[PDB]
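We count ligands from 1, going down the list as the structure has it; atoms in each ligand are counted the same way. Reminder, nothing fancy here: chain letters follow the sequence lines and each chain counts from 1. What's counted below: heavy atoms across the whole structure, side chains too, no hydrogens, waters or symmetry copies.
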Amino acid sequence: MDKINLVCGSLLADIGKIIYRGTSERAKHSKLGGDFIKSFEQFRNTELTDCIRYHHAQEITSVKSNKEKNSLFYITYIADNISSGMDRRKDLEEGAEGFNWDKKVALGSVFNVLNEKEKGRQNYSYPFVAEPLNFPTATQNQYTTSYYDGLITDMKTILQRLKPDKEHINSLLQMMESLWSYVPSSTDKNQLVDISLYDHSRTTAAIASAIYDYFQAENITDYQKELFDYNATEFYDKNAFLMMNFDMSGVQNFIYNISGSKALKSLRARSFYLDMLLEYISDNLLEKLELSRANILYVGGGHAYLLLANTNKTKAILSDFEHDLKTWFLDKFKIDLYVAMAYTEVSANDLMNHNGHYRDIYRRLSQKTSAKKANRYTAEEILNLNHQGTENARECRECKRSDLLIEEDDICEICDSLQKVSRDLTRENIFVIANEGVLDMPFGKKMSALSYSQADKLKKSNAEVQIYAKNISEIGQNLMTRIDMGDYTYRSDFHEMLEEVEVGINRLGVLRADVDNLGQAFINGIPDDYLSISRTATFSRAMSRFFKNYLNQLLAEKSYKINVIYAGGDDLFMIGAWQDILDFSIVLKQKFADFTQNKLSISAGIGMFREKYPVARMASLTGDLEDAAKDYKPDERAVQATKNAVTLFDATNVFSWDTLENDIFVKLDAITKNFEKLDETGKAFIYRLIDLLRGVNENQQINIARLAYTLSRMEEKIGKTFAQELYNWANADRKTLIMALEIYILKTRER
Amino acid sequence: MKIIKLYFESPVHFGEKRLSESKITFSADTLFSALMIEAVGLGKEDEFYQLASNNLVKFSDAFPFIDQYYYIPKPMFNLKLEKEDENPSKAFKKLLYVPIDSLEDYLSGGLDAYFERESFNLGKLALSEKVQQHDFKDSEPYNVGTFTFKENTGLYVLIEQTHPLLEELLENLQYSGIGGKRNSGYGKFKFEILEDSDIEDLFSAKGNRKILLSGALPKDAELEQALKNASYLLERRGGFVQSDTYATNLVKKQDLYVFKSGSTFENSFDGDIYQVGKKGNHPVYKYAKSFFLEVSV
Amino acid sequence: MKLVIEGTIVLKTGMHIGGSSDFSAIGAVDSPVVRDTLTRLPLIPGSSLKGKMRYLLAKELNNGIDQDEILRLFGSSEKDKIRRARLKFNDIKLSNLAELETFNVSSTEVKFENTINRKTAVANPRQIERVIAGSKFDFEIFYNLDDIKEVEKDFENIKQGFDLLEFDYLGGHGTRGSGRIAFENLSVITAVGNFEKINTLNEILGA
Ligand SMILES: Nc1ncnc2c1ncn2[C@@H]1O[C@H](COP(=O)(O)O[C@H]2[C@@H](O)[C@H](n3cnc4c(N)ncnc43)O[C@@H]2COP(=O)(O)OP(=O)(O)OP(=O)(O)O)[C@@H](O)[C@H]1O
Ligand SMILES: Nc1ncnc2c1ncn2[C@@H]1O[C@H](COP(=O)(O)OP(=O)(O)OP(=O)(O)O)[C@@H](O)[C@H]1O
Ligand SMILES: [Mg+2]
Ligand SMILES: [Mg+2]
Ligand SMILES: [Mg+2]
């Protein structure tokens, strides 16, 4: 039995669900999906049919006599069971003509269950549209048959130009991610629906693939007896899977610690290079293990999670892979960048939460990751590091390294390759990984950012080229691997970018938004009762898609002067117009609140910099402002910090996002509306107020004197309503008034 | 034992790789470089190298002190015995320096995580925008990363068996500054050898886990012994050789990778003074001997 | 072997050194002065004094006719002629706060200036934060006795540089009236070692 057939039958497993909810007869959905696949002439090997029509307990009981051993459809069943987690194991199938199945429900956001111990219980949903991202909605939404038929028509269009082959499994995942991302895995009430069909099918395929590899390595050809003839409790207790912990270390130091004259143009290139490194390493490992991309759980933030098979051959491949990757990274990034690979022996009960400590997988994974991150190198790599040391005269301008130095310039191979790519990084661009390229990649490859037009003439039947694209259309033909990241570049020069404002300031504003307690939201935020591999994967992919895709779409919605450097996961870096940073901070907070249903806190930090300020210093200052926002507490009595704050140009100026920021923005809008049109001569009192309120712990005489002067000022004007509202807001809100006034001044300064 | 307290009268630049940023402490190789430069100044570099290479003067690096609270970089414990309670997460990640008397309390748990960081406040990093004025060309704006300490705050160096020659060198190092832009208005301090009593007990103690207190590189013989159940971290110690009598131009030195001053080991190793400048006409040395603080988990 | 050169800098016409870009308003101080990072007291950075004194000496000892004197006194690293230093300048903190507080007056002033267009005859009011006149800056300069023969020439050049600074400015818009200074209490006392000719070095600065 071929593995590709198993992967295809585990992926295209619940197509019958959509074909049943859409149109046609109302029979059991497995038969409908099997017929739908059989209608195509290329998915004809009867193994796809066995996996699709027979992946539930009742079907297996109904055909176990006809189908002989090693029939390949026990693996998909025992994989769907693990993917479901706490969900049904033996129950009536969808559309069994025995229950009025609620064939109109949409999948809710997994933020309904998130932090239900202290943030309540709700049931939201994703409305159907036509990308773009669907925010959770308070109103109850129902999916229409027309949406189902559109999905069916697009699926029939795509699957016609598809094959059950290794190179087309990626296109199958792309089609599933595009279409099924917003349709539920199950359609009923009194249970949970938030598990998407894309996540469910991808997890099922990954589990089935790992189980097949483990069975093949252990030389087992008794799938029925091991899995279905009994409760499979023996297989459940024993360990069969692994979970890798690819963790790239020192990304911040590799990216931000630079000192070039054109360094601002390079941070996007550095972040893109690191994301490409991580994704290419994950894909190459998956190829080495003869595994599809369904086995990848999460990629982003220099962190990859893969679900492997616990076989001695797999562990040997992992050891050799780690040796090769460590040697390559040592060759390129001596210690300035390093990836730690650690895997934990995980059984089926651990993922399916039978023991009640599913989180122990990640506990021991983090323990092994930290252990390898401490004793990183053996006492031969250190000898090589200290012996490959040479006294030099020249060094890299940014990377400040004397090896890998280009002959004609004081710039390092990395240090000019990720300037050529930054020059060549535009929109409607794809990314290729061929033996000839511009950016170095491990395992003797290189990557380029060539346009889609040159892609056709680039392949020329070159076996593997690893085409990477930001956008995917016509999924079936022109196989490509879709990669997402922050790629909103209104203008990539940062000087004409800044000199587009007419009234404002000549400062460079930046944003560093970090989600608060996301690690805790993973450790204990998700309920223990609702703990599953599919649900965790759904939450992870929802957060990653939110960040990358929706940051891109939100910036592309209308004209924003932002040149986003990094989105990835749990983090955010932005450089653009100062007022654009300020007015997009509120957009970011409101969009995060809407998408996460006010369950996860976020913190930011904004800094003003000149046109030639050190970008490493920019990043370090914005990071320590971000920390000053992270350590915010209204009162010094409760344990731990609220973390829900924003620092506005100063570490000491820790404001909030709550009613406090509401007040500061209401004040800013009121001041902007009122103080545009003065007598244009009495406005000189504004700097008087600013410099006499800069700090009030000293001679108070001048403050009450200015109060008396404001009272004294008497002519025909707006009156003294707002002229005394200034006094009213001048006592209760001191720091608030100075902050709002300085924001107003910077916005309205004739500079 | 012999806490050398350094009181700075001007902001310091203790740069790590570039001039635009400064770090708050200097390492032991920086201090040995400064003292070797002084010894070359008064003509006894050979005796100083003999003393330091015969372990007669071995020192840790510079740690912060605040109001007679001697601080130490967060030791790299395996944290295998704390997952039961407290916060085995990023709470103990922003914490950079812990006090050295409260280490056994921290090691066994019970030290506040949030409280320390605001308690740990010694000055702040500063920008220093400078230029190279050119009469007719354009001026060259550059900035120097600096750091100013508080009034009752500075750095302290652990030295075992202080030496008359070392005392003579530290007098000369007052007036030549320490750090990056010392000939500019930045490096400046006064020191006190300041024998201490509650500290020598910590280094007269015993225990299974050893805390490396100086950026050290093991000898080729004991690297295998030291790299067993160790939680360490490497760091490149390179840059440019600071001497006007070396290689007749501005040449870099062989980058050396050493264990950081917060690493923890089960096997005590004695590091080495490393020849990192060979092609020049004087031996450029990297002080990488080992200075430990044994604890028991 | 180490000499420390004490003395005081007295501001005569108000001085504006340095630019720290932060906290600007519509009126504002359009250009602030350098201050201590913690105490916020104004200071003369050792780099500013060193550079202006080196400028005056280099343009004096040469006159369009660096030299050995300037390179040996301030250092050099250009391409081959690497000379280390003999002078070690320090940041100079504002000494006069006890005296300046008796006048109930701040250590800094905001000077109001404008430029008038010559075509449209339209003014433009700029504000320049300035350290007030009469402020004193006691300093210290460390000199390393690398060579015992050249000490007299080096200290003659140091006194000459101080004298040139007396008839010049130190920071900011000097030709527009700012930044005049003076020196007094100029003494050199050996700090480490023993120089028997410290009397003639004090007489060099005393002159
Ligand atoms: N599924 C899963 N993924 C990741 N970690 C998981 C999971 N289950 C359990 N755990 C445990 O959580 C912590 C995570 O710590 P860490 O390894 O430092 O990893 C980073 C990052 O890789 C990861 N991350 C970022 N973005 C995502 C997304 N979209 N999906 C999954 N994982 C993601 O979380 C960590 C980010 O660290 P911080 O940003 O510093 O955390 P914080 O919220 O900002 O804290 P604070 O500063 O606000 O206080 C491990 O123990 C792991 O076993
Ligand atoms: N390509 C990238 N560009 C920008 N930021 C990234 C990129 N990849 C990852 N990051 C983020 O930078 C954060 C810090 O990563 P980094 O490895 O430098 O520190 P760390 O998490 O403490 O790990 P370690 O202690 O091993 O160095 C990460 O959490 C990640 O989200
Ligand atoms: Mg990491
Ligand atoms: Mg986070
Ligand atoms: Mg993060």
How about [X] and [Y]: does a side-chain donor come under 3.5 Å of a side-chain acceptor?
| X | Y | answer |
| --- | --- | --- |
| A:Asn429 | A:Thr426 | yes |
| A:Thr369 | A:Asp247 | no |
| A:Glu118 | A:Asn115 | yes |
| A:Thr622 | A:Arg512 | no |
| B:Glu116 | B:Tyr71 | yes |
| A:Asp514 | A:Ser603 | no |
| A:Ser259 | B:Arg18 | yes |
| B:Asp61 | B:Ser261 | yes |
| A:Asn644 | A:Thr642 | no |

Inset, instruction - Would you confirm whether any non-hydrogen atom of the protein falls under 4.0 Å from atom 15 (O) of ligand 2? - result: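 Yes, there is one.
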Inset, instruction - Kindly state if atom 22 (O) of ligand 2 has a protein heavy atom within a strict 4.0 Å cut-off, that is, under 4.0 Å? - result: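 Given the 4.0 Å limit, the answer for atom 22 (O) of ligand 2 is no, no protein heavy atom qualifies.
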Inset, instruction - Determine, for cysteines A:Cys399 and A:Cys412, whether their SG atoms are under 2.5 angstrom apart. - result: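 Looking at A:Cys412 and A:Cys399, their sulfur gamma atoms lie closer than 2.5 Å, so the answer is yes.
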Legend entry - Proximal candidate to atom 2 (C) of ligand 2 [heavy atom criterion; set A:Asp275, A:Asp247, A:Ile255, A:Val251]: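 It is A:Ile255 whose heavy atom sits nearest to atom 2 (C) of ligand 2.
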Would you mind checking which non-hydrogen protein atom is closest to [atom], with the distance to 0.1 Å?
| atom | answer |
| --- | --- |
| atom 8 (N) of ligand 2 | A:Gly302 N, 3.5 Å |
| atom 6 (C) of ligand 2 | A:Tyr566 CZ, 3.4 Å |
| atom 26 (O) of ligand 2 | A:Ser249 OG, 2.8 Å |
| atom 19 (O) of ligand 2 | A:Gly250 N, 4.6 Å |
| atom 13 (C) of ligand 2 | A:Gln252 NE2, 3.4 Å |
| atom 25 (O) of ligand 2 | A:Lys373 NZ, 4.0 Å |
| atom 9 (C) of ligand 2 | A:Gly301 C, 3.2 Å |
| atom 1 (N) of ligand 2 | A:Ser271 O, 3.0 Å |

Legend entry - ligand 2 N/O within reach of A:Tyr256 N/O, cut-off under 3.5 Å: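 No.
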Inset, instruction - Using the six-membered ring wherever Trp is involved, compare the ring planes of A:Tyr613 and A:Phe609 and label them parallel, tilted or perpendicular (cut-offs 30° and 60°). - result: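 Plane angle under 30°, so parallel.
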N/O/S of [X] less than 2.8 Å from the Mg ion (ligand 4)?
| X | value |
| --- | --- |
| A:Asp514 | yes |
| A:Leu518 | no |
| A:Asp570 | yes |

Is it true that [X] lies under 4.0 Å from ligand 2, counting heavy atoms only?
| X | result |
| --- | --- |
| A:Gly568 | no |
| A:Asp571 | yes |
| A:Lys372 | no |

Legend entry - B:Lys90 contact mode with ligand 2 (heavy-atom cut-off under 4.0 Å):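 None of B:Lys90 does.
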Legend entry - Region of A:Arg270 engaging ligand 2 - heavy atom pairs below 4.0 Å: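 Neither part.
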I'd like to check which ligand 2 atoms, numbered from 1 as shown, lie under 4.0 Å from a non-hydrogen atom of [X].
| X | result |
| --- | --- |
| A:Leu274 | 1 (N) |
| A:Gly569 | 31 (O) |
| A:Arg376 | 26 (O) |

Inset, instruction - Answer whether the closest heavy-atom distance between the side chains of A:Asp580 and A:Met574 falls below 4.5 Å. - result: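 They are not in side-chain contact.
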Legend entry - Over-ring placement of A:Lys591 relative to A:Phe135, 6.0 Å and 45° cut-offs: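 No - A:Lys591 does not lie over the ring of A:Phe135 by the 6.0 Å and 45° rule.
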Inset, instruction - Would you please test A:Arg363 and A:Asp360 for salt bridge (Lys or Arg N to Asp or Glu O under 4.0 Å) and show each step? - result: CA-CA 5 Å; A:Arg363 200 275 318 160; A:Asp360 193 74; 3.4 Å; yes
